[PDB]
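>>> sequence, then the experimental structure. Questions to follow.
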Amino acid sequence: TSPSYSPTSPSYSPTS
Amino acid sequence: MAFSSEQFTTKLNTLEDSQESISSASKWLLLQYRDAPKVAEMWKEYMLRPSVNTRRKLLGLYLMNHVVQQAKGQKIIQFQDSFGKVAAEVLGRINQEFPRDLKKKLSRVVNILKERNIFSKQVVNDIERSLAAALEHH
């Protein structure tokens, strides 16, 4: 699927 | 087994230009944390092949982005390093086959990674000067 996307929005410190 | 030839490639032949399959495939790689340097060498070779077009490189470009981000987050330093080690040359070559529009998109992803400090600022300068050399002008 191809939903909306902006590379500054996704995880970076989501969990240890 | 969890590993087989071109498993990475056949993955990118199934990914789309968005976080749906991209993040899903990233989490697979983030579970291959043991094998991070192995999958990293397959990643560079995959996109280094011209047997695949700029579209294929663009998928793997987004895939790398979310993989290195998650690795930076938790503790999978092996992945952000294993991709960071090749990123300078690799991304530097993407700029040599991408149209100016995809080069701008790639540049943004690279900037967003730099701002998130995903790679070491040293490795960042490797990627920067490489993409700078790949501006095709000086």
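Thanks, I have the structure now. Residues are numbered from 1 along each chain as shown, chains lettered A, B, ... in the order given.
>>> drop to CA atoms for contacts and neighbour counts, all remaining ones
Will do.
>>> need the contact list for the most centrally placed residue in chain B.
Central residue of chain B (CA atoms, centre = their mean): residue B:64, 3.3 Å from the mean position. By CA atoms under 8 Å, 6 or more residues apart in numbering or on different chains, the contact list for residue B:64 reads B:26, B:83.
>>> so which strand or helix has the closest residue to residue B:114 other than its chain neighbours?
Spatial nearest neighbour of residue B:114, chain neighbours left out: residue B:124 (6.7 Å); criterion: CA to CA, 6 or more residues apart in numbering or on different chains. Using DSSP states H and E, residue B:124 sits within helix B:121-133.
>>> who are the packing partners of that helix?
If you count contacts as 3 or more CA pairs under 8 Å, 6 or more residues apart in numbering or on different chains; DSSP states H and E, helix B:121-133 packs onto helix B:77-94.
>>> the helix it packs on vs helix B:121-133, what angle?
10 degrees (axes from the mean of the first three to the mean of the last three CA atoms, to 10 degrees).
>>> just the CA coordinates for helix B:77-94, please, in CSV.
What follows is helix B:77-94, C-alpha atoms only, in CSV (Å, rounded to 0.1, in the frame of the first residue of the first chain):
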residue,chain,number,x,y,z
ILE,B,77,24.1,0.4,16.7
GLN,B,78,25.2,-2.4,14.3
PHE,B,79,22.5,-1.3,11.8
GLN,B,80,23.0,2.5,11.8
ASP,B,81,26.8,1.8,11.6
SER,B,82,26.5,-1.0,9.0
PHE,B,83,24.3,1.2,6.7
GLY,B,84,26.3,4.3,7.7
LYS,B,85,29.5,2.7,6.6
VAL,B,86,28.3,2.2,3.0
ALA,B,87,25.9,5.3,3.0
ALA,B,88,28.7,7.7,1.9
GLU,B,89,29.6,5.8,-1.3
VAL,B,90,26.1,4.3,-1.8
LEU,B,91,24.0,7.5,-1.5
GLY,B,92,26.8,9.2,-3.4
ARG,B,93,26.1,6.9,-6.4
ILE,B,94,22.3,7.4,-6.1
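>>> what's that helix packed up against?
Packing contacts for helix B:77-94, counted by 3+ CA pairs under 8 Å, 6+ apart, involve helix B:36-48, helix B:54-73, helix B:121-133.
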